[PDB]
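Below is one structure, written out as structure tokens; the observations come after it.
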Amino acid sequence: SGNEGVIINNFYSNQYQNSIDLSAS
Amino acid sequence: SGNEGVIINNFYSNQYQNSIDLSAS
Amino acid sequence: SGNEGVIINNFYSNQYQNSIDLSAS
Amino acid sequence: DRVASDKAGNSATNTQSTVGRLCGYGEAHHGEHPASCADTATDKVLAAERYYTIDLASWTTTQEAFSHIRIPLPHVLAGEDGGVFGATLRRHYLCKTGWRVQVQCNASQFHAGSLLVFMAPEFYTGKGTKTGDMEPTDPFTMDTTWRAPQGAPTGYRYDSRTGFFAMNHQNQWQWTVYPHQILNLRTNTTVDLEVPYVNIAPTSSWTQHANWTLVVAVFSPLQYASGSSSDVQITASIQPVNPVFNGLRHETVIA
Amino acid sequence: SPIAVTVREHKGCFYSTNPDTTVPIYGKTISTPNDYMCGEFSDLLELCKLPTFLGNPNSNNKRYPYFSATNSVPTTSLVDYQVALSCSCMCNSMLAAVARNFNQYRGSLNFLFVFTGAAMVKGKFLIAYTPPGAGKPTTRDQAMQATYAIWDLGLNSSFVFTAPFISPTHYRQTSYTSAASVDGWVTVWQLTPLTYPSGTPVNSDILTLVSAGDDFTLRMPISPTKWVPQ
Amino acid sequence: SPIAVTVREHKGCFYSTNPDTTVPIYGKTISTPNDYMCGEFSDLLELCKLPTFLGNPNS
Amino acid sequence: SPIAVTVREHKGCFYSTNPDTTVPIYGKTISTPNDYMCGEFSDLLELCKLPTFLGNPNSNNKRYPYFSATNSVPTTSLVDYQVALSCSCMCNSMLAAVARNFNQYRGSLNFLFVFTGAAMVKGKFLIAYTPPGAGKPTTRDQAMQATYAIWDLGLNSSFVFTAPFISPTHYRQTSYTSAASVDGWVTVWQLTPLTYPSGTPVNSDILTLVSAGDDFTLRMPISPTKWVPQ
Amino acid sequence: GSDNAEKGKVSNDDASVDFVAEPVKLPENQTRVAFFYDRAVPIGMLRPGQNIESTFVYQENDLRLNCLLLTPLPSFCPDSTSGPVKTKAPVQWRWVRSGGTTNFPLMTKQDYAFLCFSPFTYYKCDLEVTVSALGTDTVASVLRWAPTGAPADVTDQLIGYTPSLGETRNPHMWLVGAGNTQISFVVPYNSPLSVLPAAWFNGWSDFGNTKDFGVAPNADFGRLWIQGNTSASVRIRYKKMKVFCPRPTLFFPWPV
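And the structure:
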């Protein structure tokens, strides 16, 4: 969706690379 | 468990990267 | 056996990385 | 169900106001032999596995919040009062054990006050600074007089200077984090505790380390109207849980 | 052949919190076996639930593990804790000691009260929690309008009072860093006077401890403003 | 063994619009839940279709 | 396209013990065949089990591969080895020579005694191991209270005595680096006097060797304080 | 609501218990011993007493040493009735101490964070060490490490014009050249002990029980010696940390 176009795009785990989305309810 | 979030996280063998856990008994 | 603990440990072919062991007889 | 009895060899404690037995770290000394010693251990000595009942202290209206007394282990039972247990302990390099304790103290429905009775690992038992060496005095001896709290619990330095703090610091405001029970004059005359074996090593060079300490501390000051029985003691029944001995030798002269 | 690489602008940089490991220089070393050990734990959060003592200030301004009550109904409150980890009467509780190493919290705080007066003594207290918006309560009557519970003395010595987590935001900052100062107050009042017979100490002491409740959590590990013990 | 690499001429260079991410220093941090929210949108283009006022000049 | 890389802070750094290999500059080179060879070994530990000589000091203070006994029961001990790799009478045994290149040890030490007095000679010795805590033994009687074994002379010339590995910790430091100095003592005493007939050398010599026992291990390879042979 | 603290514990409630309310709990992991201590923190710094071409020698200067002890606990040149003996390797101290008149800096080295907050009696882990340059000059430096209890081998240069510290089979590091400025690495729990004392060791360190009470022997991760032209900030990081038997944290001053 955003301005990111790299295939090997993992290296750092997802949960580290980004804030964790979680729904209150 | 700890503060480590890298996928390709091996390179150095486990036994070299960390003290070896072993139970006396 | 020796002091080497790296997984991806090939890059250079074996025969180049080490003297070639061969038995006279 | 507030009435209970506990037997150990030829000894037996008994109480009519118990509030249960608090078992530290949720587990007990099983008497396993130490993987660090090659020699077959001496263990299961009935004569040594009982309650040794002794005097702790006299509680008075004078003592204030957090005043306390420290009892070191096994040390306090390493001599005469330890009977066969102390006698066997004195002849071995290493000992590994747990503790089961009952602290006793009664008053009346017209008396007020409360005690914090607990057990802590590696708790400072030093009495004072030894003039000359820059070390403590009588680490392994039980307090014979109530100890005043530190307004600022920063511990004790031996270099005769002050500032910052020492590693032997003990912050009483948090003492309830240790395995414990509260002895409240209006509720109960006894507390029952138990702890496993813990330490920096598989078994212990007891001769030079008091790994566990039994601490009795005041929470709310003793109080009573004139005419009410003024004399109040605190005693205790201490029992070694599954003591295991290694490295038999000529006797260490505690004496 | 060599692999071509694009060297990122941030090179040679060191990260105190880098999510990755570094080079091992003494491999194959066995870690001295410690299977005998007991008392082990994994979550700092647990330490938080162990009730520890609140520091109550005296006129000459020195602290006690408790507060006192007697045969009277003090027009004002007996004690009042400000629901706020940063808050000072907690300065020295395990709860606060752990909390100051984290940026935010969520959930219930549990206030534990223990009556140490004589068995022959009786009476009732009114413990309350007041959320912000209308200012802190100045009378039992007002307090009684917020969240409250009546504590009756008797056979059972103690009482666990829960300060509910009522808030606009899913989380709350753990520290008084700038000034919205608080998240409401916990106030303790006499409902009925401590009553008793002749021959009984007229002034009873109530131990006051605090701890994190069940719901409770902390997050974002950080450093507190450095300090020096007295 | 180490992997041999050819270091490109453009090294150490920073790209304002670089199509890639960088190093994470505060991982495992949950993003304060906002499931209650309404009024959300994804495309600036929509704003474009909302009719707004033309500014007509007077003498 | 080139792969983007993050260059770690520790770059260009060299590691004496780096767990990895480096660049090969003379590849495909055959290693001169040595299939004919015998006597090969893989573990330094084995060298440790080969019994070698203990250096026993004389009054004029010079060393012997042994000690002497005779038709008497010396009130004090005949010899006394301090169970401690660092220890000096072992200074020159293979056991110690290997051990000084490692930081810690575990397991049994085996002390080997060989009687070289005349066939016509008899007698008995009391070899003992005393753990710390009560100080080192000063009399056969005391020694006899610790771990011990009686050695009887006869047809069979020698005796293997095992100093048991009795310790608080799973491992023990191999070196006198600062001061807890030791792990107990091995003491040798006469139980009964060396007895014999006229025409026989009255003073018999007992060879004293030491070695690592079966249980025994070493770990953490290191460097000893450098030295110079006399 | 109603309970009894005497028995050693009490109901650990949430709002829903005493009132018409409920549990507001959300998932969350950042409060874990392991994760939490798994971040870098400075304990001291290293200052070279000598060149990369000479024989190394213990050296102090304005509280700075050319050698340091790997432990969270406080350390420094050994103390003495007559003052700390600065011609020697640092050892574990029993208290923290001001470098001089005012509180700071400190004469002693240590993990102040870990001290102000170690809610436990014993711990263990591996140690990740980072050595960062404090200066801007092309660097030429050698670093030597050794496990707790090992010989310092602080002997003379065997080969002239080269660093004595580099002359060992022990793990040593060689850093030199423009842009080459930081050293990073990890060492194993290398202690003879099963677990380490987070704060205090209620016993004597010698069989004669006359010395160093409160300090457990070999209760550290070894040490560092430096040599060359560059001073460096030294930080440690708790790897795969484990803690035992909970205990009280460092006291905090009550507001005047």
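Heads up: the sequence lines are chains A, B, C, D, E, F, G and H, in that order. Just so you know, we're using the working numbering here: the first sequence kicks off at 1 and counts up by one. Just so you know, we're using the working numbering here: the second sequence kicks off at 1 and counts up by one. Just so you know, we're using the working numbering here: the third sequence kicks off at 1 and counts up by one. Just so you know, we're using the working numbering here: the fourth sequence kicks off at 1 and counts up by one. Just so you know, we're using the working numbering here: the fifth sequence kicks off at 1 and counts up by one. Just so you know, we're using the working numbering here: the sixth sequence kicks off at 1 and counts up by one. Just so you know, we're using the working numbering here: the seventh sequence kicks off at 1 and counts up by one. Just so you know, we're using the working numbering here: the eighth sequence kicks off at 1 and counts up by one. Note that beta-carbon positions come from the ideal geometry of N, C-alpha and C, so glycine has one too.
Residue i and residue j closer than 8 Å at C-beta
{"i": "residue 228 of chain D", "j": "residue 213 of chain E", "result": "no"}
{"i": "residue 193 of chain E", "j": "residue 73 of chain E", "result": "yes"}
{"i": "residue 113 of chain G", "j": "residue 165 of chain G", "result": "no"}
{"i": "residue 186 of chain H", "j": "residue 126 of chain H", "result": "yes"}
{"i": "residue 133 of chain H", "j": "residue 142 of chain H", "result": "no"}
{"i": "residue 20 of chain D", "j": "residue 196 of chain D", "result": "no"}
{"i": "residue 85 of chain H", "j": "residue 74 of chain H", "result": "no"}
{"i": "residue 232 of chain G", "j": "residue 186 of chain G", "result": "Residue 232 of chain G is absent from the model: chain G starts at 1 and stops at 230."}
{"i": "residue 89 of chain G", "j": "residue 180 of chain H", "result": "no"}
{"i": "residue 234 of chain D", "j": "residue 90 of chain D", "result": "no"}
{"i": "residue 256 of chain D", "j": "residue 202 of chain D", "result": "Here chain D has residues from 1 to 255 only, and residue 256 of chain D is not among them."}
{"i": "residue 90 of chain H", "j": "residue 65 of chain H", "result": "yes"}
{"i": "residue 222 of chain H", "j": "residue 70 of chain H", "result": "yes"}
{"i": "residue 47 of chain E", "j": "residue 177 of chain D", "result": "yes"}
{"i": "residue 77 of chain D", "j": "residue 182 of chain D", "result": "no"}
{"i": "residue 207 of chain H", "j": "residue 132 of chain G", "result": "yes"}
{"i": "residue 174 of chain H", "j": "residue 25 of chain E", "result": "no"}
Boundaries (first-last residue) of the alpha helix (DSSP H) holding residue i
{"i": "residue 50 of chain G", "result": "Where residue 50 of chain G is concerned, there is no enclosing alpha helix (DSSP H), given that its DSSP letter is neither H nor E."}
{"i": "residue 141 of chain G", "result": "140-143"}
{"i": "residue 75 of chain D", "result": "75-78"}
{"i": "residue 219 of chain D", "result": "Not the alpha helix (DSSP H): residue 219 of chain D falls in the beta strand (DSSP E), residues 212-224."}
{"i": "residue 89 of chain D", "result": "83-89"}
{"i": "residue 37 of chain H", "result": "33-37"}
Beta-bridge pairing of residue i - partner residues as DSSP gives them
{"i": "residue 95 of chain D", "result": "D:204, D:245"}
{"i": "residue 173 of chain H", "result": "G:15, H:143"}
{"i": "residue 228 of chain H", "result": "H:141"}
{"i": "residue 160 of chain E", "result": "E:112"}
{"i": "residue 128 of chain E", "result": "E:148, E:187"}
{"i": "residue 221 of chain E", "result": "E:102"}
{"i": "residue 67 of chain H", "result": "H:225"}
{"i": "residue 80 of chain G", "result": "G:187"}
Cα-Cα separation between residue i and residue j, rounded to whole angstroms
{"i": "residue 76 of chain E", "j": "residue 139 of chain E", "result": "6 Å"}
{"i": "residue 180 of chain D", "j": "residue 231 of chain D", "result": "25 Å"}
{"i": "residue 59 of chain G", "j": "residue 100 of chain D", "result": "56 Å"}
{"i": "residue 2 of chain G", "j": "residue 227 of chain H", "result": "39 Å"}
{"i": "residue 134 of chain D", "j": "residue 161 of chain D", "result": "11 Å"}
{"i": "residue 80 of chain H", "j": "residue 169 of chain G", "result": "30 Å"}
{"i": "residue 14 of chain D", "j": "residue 51 of chain D", "result": "12 Å"}
{"i": "residue 82 of chain D", "j": "residue 176 of chain G", "result": "36 Å"}
{"i": "residue 4 of chain C", "j": "residue 11 of chain B", "result": "12 Å"}
{"i": "residue 33 of chain F", "j": "residue 7 of chain G", "result": "35 Å"}
{"i": "residue 134 of chain E", "j": "residue 79 of chain E", "result": "20 Å"}
{"i": "residue 194 of chain D", "j": "residue 248 of chain H", "result": "20 Å"}
Opening and closing residue of the beta strand (DSSP E) in which residue i lies
{"i": "residue 70 of chain G", "result": "66-70"}
{"i": "residue 16 of chain B", "result": "It is not in any beta strand (DSSP E) - residue 16 of chain B instead sits in the alpha helix (DSSP H) that spans 14-17."}
{"i": "residue 45 of chain H", "result": "41-46"}
{"i": "residue 6 of chain E", "result": "3-7"}
{"i": "residue 102 of chain E", "result": "102-106"}
{"i": "residue 22 of chain D", "result": "21-23"}
{"i": "residue 195 of chain H", "result": "Per DSSP, residue 195 of chain H belongs to no beta strand (DSSP E) and is neither H nor E."}
{"i": "residue 194 of chain D", "result": "190-195"}
heavy atom of the ligand SAH below 7 Å from residue i C-beta
{"i": "residue 206 of chain H", "result": "This structure does not include the ligand SAH; it has no bound ligands of any sort."}
### Whole runs of the alpha helix (DSSP H) within the stretch 76-153 of chain H, excluding any shorter than 4 residues
Segments of the alpha helix (DSSP H) lying fully in the stretch 76-153 of chain H: 112-116.
#### Entry: Secondary structure, beta strand (DSSP E): runs of 3+ residues fully inside the stretch 175-209 of chain E
Unbroken beta strand (DSSP E) runs of no fewer than 3 residues, entirely contained in the stretch 175-209 of chain E, are found at 185-195, following chain order.
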